[PDB]
Amino acid sequence: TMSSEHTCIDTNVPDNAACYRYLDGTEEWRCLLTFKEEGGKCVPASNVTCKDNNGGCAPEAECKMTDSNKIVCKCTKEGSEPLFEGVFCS
């Protein structure tokens, strides 16, 4: 992993998404805030927002909408480290 990226080494990581490997050597692939993976494939959300389930956030991220009705995701549960989009925060 270069030095310690903790990112998967060869798991399923579709484009427009972010993948990260856990400390147990496991592997997880997440999608951006505008992409949702459903069935192993990820597609543009647009309709996904706070009104729905995490408009592209993470299992530990808060959902907030902007003046444009865009769902923003930010992980910060004390000692939490959101990744790029926050869909997955350490």
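We did not get these values from a lab; they are worked out from the coordinates using the rules stated. Here Cβ is always computed from backbone atoms with ideal geometry, including for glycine, and neighbour counts include all displayed protein chains.
A compact table of results
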{"item": "Farthest toward positive dipole pole in the chain [+1 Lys/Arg, -1 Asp/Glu at C-beta], among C75, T7, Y20", "result": "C75"}
{"item": "In order through the stretch 69-83: 3J(HN,Hα) via Karplus (6.51 cos²θ - 1.76 cosθ + 1.60), integer Hz, x for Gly, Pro", "result": "6, 8, 6, 9, 10, 9, 8, 7, 7, 6, x, 8, 10, x, 9"}
{"item": "Exposure proxy order (Cβ contacts within 10 Å, fewest to most) of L23, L33, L83", "result": "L23, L83, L33"}
{"item": "J(HN,Hα) series, the stretch 52-67, from Karplus relation 6.51 cos²θ - 1.76 cosθ + 1.60, nearest Hz, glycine and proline x", "result": "9, 8, 6, x, x, 8, 9, x, 10, 10, 8, 9, 9, 9, 9, 4"}
{"item": "The chain, relative contact order in percent, only Cα pairs under 8 angstrom and at least six apart counted", "result": "18"}
{"item": "Point-to-point label distance, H6-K77, nm (Cα→Cβ direction, 7 Å offset)", "result": "1.4"}
{"item": "Placed amide H near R30: partners under 5 Å, 5+ positions off or other chain", "result": "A18, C19, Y20"}
{"item": "Span from the the stretch 47-65 Cα centroid across to the the stretch 5-35 one, whole angstrom", "result": "19"}
{"item": "Anchor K36: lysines whose Cα lies under 16 Å away (excluding residues fewer than 8 positions away in-chain)", "result": "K51, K70"}
{"item": "Stretch in the chain that is longest and holds no chymotrypsin sites (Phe, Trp or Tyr not before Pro) that DSSP places in a loop and that have at most 13 other beta carbons within 10 Å", "result": "23-83"}
